**Student:** 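One structure follows; several queries about it will come next.
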Amino acid sequence: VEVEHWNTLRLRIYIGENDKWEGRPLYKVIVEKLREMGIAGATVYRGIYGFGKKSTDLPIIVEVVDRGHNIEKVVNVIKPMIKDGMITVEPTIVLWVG
Amino acid sequence: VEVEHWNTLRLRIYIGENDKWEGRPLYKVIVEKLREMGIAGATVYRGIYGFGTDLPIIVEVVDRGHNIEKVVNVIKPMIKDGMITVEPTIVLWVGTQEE
Amino acid sequence: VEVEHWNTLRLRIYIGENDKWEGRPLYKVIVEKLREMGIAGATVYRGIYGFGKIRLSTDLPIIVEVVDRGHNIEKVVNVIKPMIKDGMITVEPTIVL
Amino acid sequence: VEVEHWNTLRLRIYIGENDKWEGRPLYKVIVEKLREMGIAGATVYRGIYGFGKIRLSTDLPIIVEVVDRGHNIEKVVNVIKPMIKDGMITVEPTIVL
Amino acid sequence: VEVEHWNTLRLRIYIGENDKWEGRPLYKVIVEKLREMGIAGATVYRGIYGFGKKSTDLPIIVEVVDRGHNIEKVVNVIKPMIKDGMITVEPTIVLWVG
Amino acid sequence: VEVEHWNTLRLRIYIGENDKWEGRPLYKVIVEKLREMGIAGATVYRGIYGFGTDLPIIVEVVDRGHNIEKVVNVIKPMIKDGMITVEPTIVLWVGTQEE
Ligand SMILES: Nc1ncnc2c1ncn2[C@@H]1O[C@H](COP(=O)(O)O)[C@@H](O)[C@H]1O
Ligand SMILES: Nc1ncnc2c1ncn2[C@@H]1O[C@H](COP(=O)(O)O)[C@@H](O)[C@H]1O
Ligand SMILES: Nc1ncnc2c1ncn2[C@@H]1O[C@H](COP(=O)(O)O)[C@@H](O)[C@H]1O
Ligand SMILES: Nc1ncnc2c1ncn2[C@@H]1O[C@H](COP(=O)(O)O)[C@@H](O)[C@H]1O
Ligand SMILES: Nc1ncnc2c1ncn2[C@@H]1O[C@H](COP(=O)(O)O)[C@@H](O)[C@H]1O
Ligand SMILES: Nc1ncnc2c1ncn2[C@@H]1O[C@H](COP(=O)(O)O)[C@@H](O)[C@H]1O
């Protein structure tokens, strides 16, 4: 019955591990921005293989669960930095925290 | 067409690789529980980085929303700090009989 | 205000790292077929532990994730059901931006 | 931050206003059984027009909507499938606050 | 591809037609508030029958499709006014407008 | 268990009872279209009140998300002002064969 929010969204950012932004690993910059943006949190996963119609470059997935508006901000910031990968989003229910 | 269940939910427990319980790893204890409560199954992942050093540990469980809640109750207290999430999903297959 | 595709779904296939199909690592076989079929993409994860409903506990979980249009996913599931023994396949909507 | 129930779903049953089951208006029969079973609730709508895949065009649509926990909906669908001829039953999640 | 929003929510308010608030029909007051609240819009339906474990009182359903935050406001305003009925919410995608 | 489709979407077209097209009621014209494009089916509702006198008219269509989009294109222009919505749904049955 108790839930933090019912309009929470799960954002997933798929990029290659070697993708770069101004010489730095794109995922680190992305995670860096999320931090100074005051976003709830994030989890980064590294796949063992991946491919996108549109492998020395393992997949890295940056996942962020937050309120809708916050996630909209993030997409608007990160869209420019990503020329190859994908961004998905779907609702989810957050039950606990700390 | 055929599916296994259209009433299932995906439970995701986000904790810390270093989180402990009564002396043991919080994820190993949870999985033990889940296995003794008769849950459908579970899959544990370890991220490379996370913020909410410590590696994020995510135990995932897909089952009747009615087992998931049974699971939520028994774990809500053990998770002093972290996050629990849940959302619908359809289980299309398991692969017990081929035809 | 602009999303890439119409009706996309996220397929997740769970199997064992040690699973095989005709002497080959089942997941690589699955990924291969997906590519051949012309699927939008796929990501493969390796878990550190997992259990279901006779498999070694040291047999790590492998999750093959595919995000694509509905008919495509339908087609994928149609092709890989025969190769999934005692695993699991899930699907649910998502929006790809 | 407080929702009433865990895993609720919205069942929608589509049938014809003129449909019958043992000489009675099928929808009233469905609603009756739902009540007997102890279902959380139900709402019935009457459309002004509808068509599917031999029924009069003047035979208005009747939609029986049920919002309840998963197992309950499972049970409902199990009971009314036999009474639904050339209609439609849909389901999808929802959160009841 | 073109969509107004991806974090739109469909809110549904189920009450009886005779339900009242300070002597006026509860649904009219509800619709009245939504209007002076600047909400996107709303559609009211009247069922031909209904029942809630928790019929001379036909069901009235007030439906509102809007951004998440707006819908949160609405729930917070209307929750007090409703002692018998139900409030559901799930995501939806808005494609067009005017 | 068995279902009809887990890939379907529910399309909802909100217009005005008085909205017209080339001289006819916008909803009657849409339904005509939907029937000639071979869509699974449709259900039309008339609210008692709405604001976005005029009665709100809602044509609902459940079908492959691939027919729904075919439908969206052909109607987006006809709907000068109103609203179109879409979201997933599972079609559990149709009732053609009992067993
Ligand atoms: N449709 C998809 N489904 C699952 N994973 C995807 C999909 N599309 C892209 N990816 C992942 O994102 C990465 C794409 O990187 P890139 O090819 O440079 O655009 C791949 O390594 C995949 O693991
Ligand atoms: N209900 C479930 N929830 C999460 N993962 C599952 C579930 N069921 C099966 N799996 C995964 O699929 C595999 C099942 O194979 P097995 O242990 O031989 O039955 C495990 O390694 C799990 O990672
Ligand atoms: N909103 C979120 N989205 C994605 N991952 C999260 C989120 N919140 C927490 N996490 C992860 O879950 C773990 C628990 O949070 P913490 O106790 O602060 O370390 C962290 O290691 C994070 O990586
Ligand atoms: N679980 C439900 N599913 C569908 N409709 C419901 C449900 N619960 C309540 N309703 C509708 O909301 C109204 C409840 O009013 P009341 O009994 O006064 O609380 C009924 O007339 C029903 O049409
Ligand atoms: N795909 C659909 N979308 C919306 N309503 C439907 C759909 N299929 C069936 N229906 C409803 O179910 C009834 C079908 O019965 P029939 O016309 O005899 O085949 C119609 O009156 C519709 O209101
Ligand atoms: N956001 C919304 N939620 C529920 N109903 C709506 C919404 N927006 C528009 N409508 C309905 O759709 C119809 C079209 O809007 P309008 O052209 O302004 O009259 C109206 O009669 C409203 O009742």
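Proteins get letters first, then strands, A, B, ... in listed order; numbering begins at 1 in each. Both ligands and their constituent atoms are indexed starting at 1 by order of listing.
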**Student:** Going through the distances and angles, do E/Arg10 and F/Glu87 end up as a salt bridge (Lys or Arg N to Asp or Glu O under 4.0 Å)?
**Tutor:** CA-CA 10 Å; E/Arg10 170 165 274 118; F/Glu87 75 279 315; 2.6 Å; yes

**Student:** Check the angle between the aromatic planes of D/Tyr45 and E/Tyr45 and answer parallel, tilted or perpendicular using the 30° and 60° thresholds.
**Tutor:** perpendicular

**Student:** Backbone N or O of E/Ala40 within a donor-acceptor pair of the E/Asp66 side chain at under 3.5 Å?
**Tutor:** yes

**Student:** Main chain of F/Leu26, side chain of F/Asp19: is a donor-acceptor contact present, judged purely on distance under 3.5 Å?
**Tutor:** no

**Student:** Regarding A/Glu63 and A/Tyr14, do their side chains bring together a donor and an acceptor under 3.5 Å, going by distance alone?
**Tutor:** no

**Student:** What are the polar N/O contacts of ligand 3 with the protein below 3.5 Å, with distances?
**Tutor:**
residue, atom, partner, partner atom, Å
ligand 3, 1 (N), A/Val65, N, 3.4
ligand 3, 1 (N), A/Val65, O, 2.6
ligand 3, 3 (N), A/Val65, N, 2.8
ligand 3, 5 (N), A/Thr43, N, 3.4
ligand 3, 5 (N), A/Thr43, OG1, 2.5
ligand 3, 18 (O), B/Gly52, N, 3.2
ligand 3, 23 (O), A/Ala42, O, 2.8
ligand 3, 23 (O), A/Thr43, OG1, 3.0
ligand 3, 23 (O), B/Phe51, N, 3.1

**Student:** Any side-chain to backbone donor/acceptor pair from A/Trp96 onto B/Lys76? Under 3.5 Å, distance only.
**Tutor:** yes

